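Before any comments, here is the structure.
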Amino acid sequence: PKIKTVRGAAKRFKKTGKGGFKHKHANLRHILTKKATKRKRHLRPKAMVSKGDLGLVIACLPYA
Amino acid sequence: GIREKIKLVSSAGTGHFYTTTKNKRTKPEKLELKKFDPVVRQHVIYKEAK
Amino acid sequence: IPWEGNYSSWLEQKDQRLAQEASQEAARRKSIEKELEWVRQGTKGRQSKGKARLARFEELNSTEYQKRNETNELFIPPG
Amino acid sequence: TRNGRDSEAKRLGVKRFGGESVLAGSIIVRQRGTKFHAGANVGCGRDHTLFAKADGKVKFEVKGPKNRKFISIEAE
Amino acid sequence: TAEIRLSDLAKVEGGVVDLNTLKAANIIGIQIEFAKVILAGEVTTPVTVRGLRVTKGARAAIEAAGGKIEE
RNA sequence: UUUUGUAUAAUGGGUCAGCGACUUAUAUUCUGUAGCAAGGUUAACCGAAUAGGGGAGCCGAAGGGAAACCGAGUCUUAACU
RNA sequence: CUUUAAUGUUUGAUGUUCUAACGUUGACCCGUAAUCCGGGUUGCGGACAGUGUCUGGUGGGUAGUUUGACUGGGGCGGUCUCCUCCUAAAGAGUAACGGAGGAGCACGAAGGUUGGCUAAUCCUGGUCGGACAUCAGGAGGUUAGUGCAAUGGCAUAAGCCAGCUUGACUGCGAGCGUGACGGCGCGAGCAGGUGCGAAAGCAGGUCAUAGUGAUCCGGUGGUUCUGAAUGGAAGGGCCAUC
Ligand SMILES: [Mg+2]
Ligand SMILES: [Mg+2]
Ligand SMILES: [Mg+2]
Ligand SMILES: [Mg+2]
Ligand SMILES: [Mg+2]
Ligand SMILES: [Mg+2]
Ligand SMILES: [Mg+2]
Ligand SMILES: [Mg+2]
Ligand SMILES: [Mg+2]
Ligand SMILES: [Mg+2]
Ligand SMILES: [Mg+2]
Ligand SMILES: [Mg+2]
Ligand SMILES: [Mg+2]
Ligand SMILES: [Mg+2]
Ligand SMILES: [Mg+2]
Ligand SMILES: [Mg+2]
Ligand SMILES: [Mg+2]
Ligand SMILES: [Mg+2]
Ligand SMILES: [Mg+2]
Ligand SMILES: [Mg+2]
Ligand SMILES: [Mg+2]
């Protein structure tokens, strides 16, 4: 049987040119008024997954 | 807590608004300031809204 | 509250409503005393004490609006 | 027992010491008050943190009529 | 939609490049409707692209060999 | 065997002989080795059939962006030194 | 067009009457040599009762489960996130049901500039007035003050007093600090507009450190980015926000 991908993860990480994964920053969904504009704008661009958590992601998306 | 969120709608007709907290009890008067509107790229007057 | 009739008929219904609300208030007060005594009682061994009962008592601590201005005799300082 | 709570450590202190070559913008000291005042070629943030304003060498000095410690960056 | 390498234009047909003549040489999928020619390979022959969306960089390379890009 | 730690008065075993526990499809990643090499390889199936056909298809040679889209660049942005 | 006053007239409700649906665990006859069942006459009810679908109430009668952790054994008691000091051994970090205190905010000015000013306490004199109110001059030297705990700061004031004000701006960001990660913090400088000042300049909130909550699901504005034959639309996506 082919490995079933974790469908939740395929909605949050996208592969890149070299082999790293790109994800979206958290803390940008709701009650933001207390957050400084500097903090809001620094979370807008998409980030890349760190070193420690890379192992747990390749497990979830074998085919991606 | 007695300060409740308000939004400062713009006055250039575009859809753009800031948000802040205002004491609706001791300041019943509405706010209006001069803020930047990045749609028309000008310093226009921002009036108080819902 | 919509009432169909005249002022004289509606005034009695208004008074009845106030009397019933005061009676229900007193009943709720007495219930709160009775449950507070049980909350403050002991434990009697290694037994329950009823977390569900505690939650019910905590829920029973609600609030109601006293009639905003049942204003009474004003003040006039003679000179 | 009533007490028994505490706050996370804020990790303040001197991050770069004397004679250390820094790059522009690097933090020199994380501060609560102003124990170290801003000399030439350094800044002062809202958190009273002293950040480098030009790459060089860190130099602690005691200039001033009240003997208050100053940090300034030599240009190298 | 599918990419097209520049080098792939040498395996197509007697000169014309088109959606049907691209997929008749197993360069693109059968159900690929749109395509775009990319500066990735090298060409020498005078290929005439029938209808496609060759880029700005690759257009200056097709005509260099002697091609023609019409619609 | 389990433990910080056992001659331990902690566990197991009366003794011999026979049996008794990391395996098997499929899929994916890495390593070694072998074949070809900007190419590599077939599946079902056909077949006097471990040959030979079958290139449907899969991976790779191009990336960026949520997407249209652009393209060795792209996204952000009114625009980037 | 206005009030109503009538007779027709459709519908709705509340009733009374009837017989033909339906009930009969009333009587008689037949199948039949059968207190079952069926059929036929005859009464008694009768559009009720009863059953089917939908629906509100009740329902431990029955069934499926839940009922946290730390803990000088468990239970009872206390506690669970954030800030300040000490323990903490002169970098950073460092435990216990160790020793002491706070937070779940506030402010369209208590924010930004430009001007100006500098406290607590004590003494002498003086109308009501004293131990202490306001005035005068001497010692004084921060024992003062900070919007709210404590520590570190503050005279160039970060404390006090006024003018004009909205930078409590939009897009970015060299480079660093701290985290296992999620994340959090500091930031010169660049571009577009802006306030204060004669300018040099300062301003991307408040002397700093607490004043908080991921994801999912959904709500409200903007944007043809997408739109399942095509044109639209619904629904998604992106930005702002709840
Ligand atoms: Mg959103
Ligand atoms: Mg093919
Ligand atoms: Mg061991
Ligand atoms: Mg033991
Ligand atoms: Mg021994
Ligand atoms: Mg033994
Ligand atoms: Mg023995
Ligand atoms: Mg045992
Ligand atoms: Mg034994
Ligand atoms: Mg691509
Ligand atoms: Mg039960
Ligand atoms: Mg079960
Ligand atoms: Mg326990
Ligand atoms: Mg030490
Ligand atoms: Mg230390
Ligand atoms: Mg202030
Ligand atoms: Mg000043
Ligand atoms: Mg100030
Ligand atoms: Mg403060
Ligand atoms: Mg359509
Ligand atoms: Mg939408």
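Going through the structure tokens in order, the chains are called A, B, and so on, while each chain numbers its residues from 1 and the ligands are numbered from 1 in the order shown.
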(Q) Can you pull out every residue from chain E that DSSP, working from the backbone, puts in alpha helix (DSSP H), and format the result as JSON, numbers by chain? (A) {"E": [19, 20, 21, 22, 23, 56, 57, 58, 59, 60, 61, 62, 63, 64, 65]}
Q: With only C-alpha atoms (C1' of nucleotides) and all ligand atoms counted, collect every polymer residue having an atom within 10 Å of ligand 9; state the result as a list in words.
A: residues 11, 12, 13 and 14 of chain F
Could those residues be written to a file, using C-alpha atoms (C1' of nucleotides), as a PDB file, in the first residue's frame?
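selection.pdb written:
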```pdb
ATOM      1  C1'   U F  11      12.379 -12.861  40.519  1.00  0.00           C
ATOM      2  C1'   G F  12      12.889 -17.616  37.444  1.00  0.00           C
ATOM      3  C1'   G F  13      14.630 -22.567  36.909  1.00  0.00           C
ATOM      4  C1'   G F  14      13.953 -30.639  39.691  1.00  0.00           C
TER       5        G F  14
END
```
Q: Provide the CA of residue 47 (chain B) to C1' of residue 166 (chain G) distance in Å, to one decimal place.
A: 13.1 Å
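Between CA of residue 49 (chain B) and CA of residue 37 (chain B) lies a distance of 15.8 Å.
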Residues of chain A that have any atom at most 10 Å from an atom of chain G: could you tabulate them with the shortest-distance atom pair and the distance in Å to one decimal, using only C-alpha atoms (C1' of nucleotides), ordered by chain and increasing number, as a tab-separated table?
```
residue	atom	partner	partner_atom	distance
A:25	CA	G:182	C1'	9.3
A:26	CA	G:214	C1'	7.3
A:27	CA	G:214	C1'	7.2
A:29	CA	G:241	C1'	9.3
A:30	CA	G:242	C1'	7.2
A:31	CA	G:242	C1'	7.1
A:32	CA	G:241	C1'	7.8
A:33	CA	G:241	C1'	8.6
A:36	CA	G:204	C1'	9.8
A:37	CA	G:204	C1'	8.5
A:38	CA	G:204	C1'	7.8
A:39	CA	G:184	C1'	10.0
A:41	CA	G:171	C1'	9.2
A:42	CA	G:172	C1'	9.8
A:49	CA	G:181	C1'	9.8
A:50	CA	G:181	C1'	7.9
A:51	CA	G:181	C1'	9.1
A:52	CA	G:181	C1'	7.0
A:53	CA	G:181	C1'	6.8
```
(Q) Counting only C-alpha atoms (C1' of nucleotides) and all ligand atoms, what are the residues, protein, DNA or RNA alike, that approach ligand 6 to within 9 Å? I want them as number ranges by chain. (A) F: 8-11
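When DSSP reads the backbone of this structure, the residues of chain A it assigns to strand (DSSP E or B) are residues 14, 15, 21, 22, 23, 47 and 48 of chain A.
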Output N, CA and C atoms for every residue in that selection, as a CSV table (one decimal), in the first residue's frame.
```csv
chain,number,residue,atom,x,y,z
A,14,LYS,N,4.7,23.9,1.8
A,14,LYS,CA,5.0,23.7,0.3
A,14,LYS,C,6.5,23.5,0.1
A,15,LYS,N,6.8,22.6,-0.7
A,15,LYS,CA,8.2,22.3,-1.0
A,15,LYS,C,8.8,23.5,-1.8
A,21,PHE,N,11.1,23.5,3.3
A,21,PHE,CA,9.7,23.7,3.3
A,21,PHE,C,9.3,25.1,3.7
A,22,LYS,N,8.3,25.7,3.1
A,22,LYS,CA,7.8,27.0,3.3
A,22,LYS,C,6.4,27.0,3.9
A,23,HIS,N,6.3,27.8,5.0
A,23,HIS,CA,5.0,27.8,5.8
A,23,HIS,C,4.6,29.2,6.1
A,47,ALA,N,7.6,32.2,5.7
A,47,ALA,CA,8.9,31.8,6.3
A,47,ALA,C,9.2,30.4,5.9
A,48,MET,N,10.4,29.9,6.4
A,48,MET,CA,10.9,28.5,6.1
A,48,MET,C,11.0,27.7,7.4
```
Q) ligand 19: which residues are within 10 Å, counting only C-alpha atoms (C1' of nucleotides) and all ligand atoms, as a count of residues only? A) 7
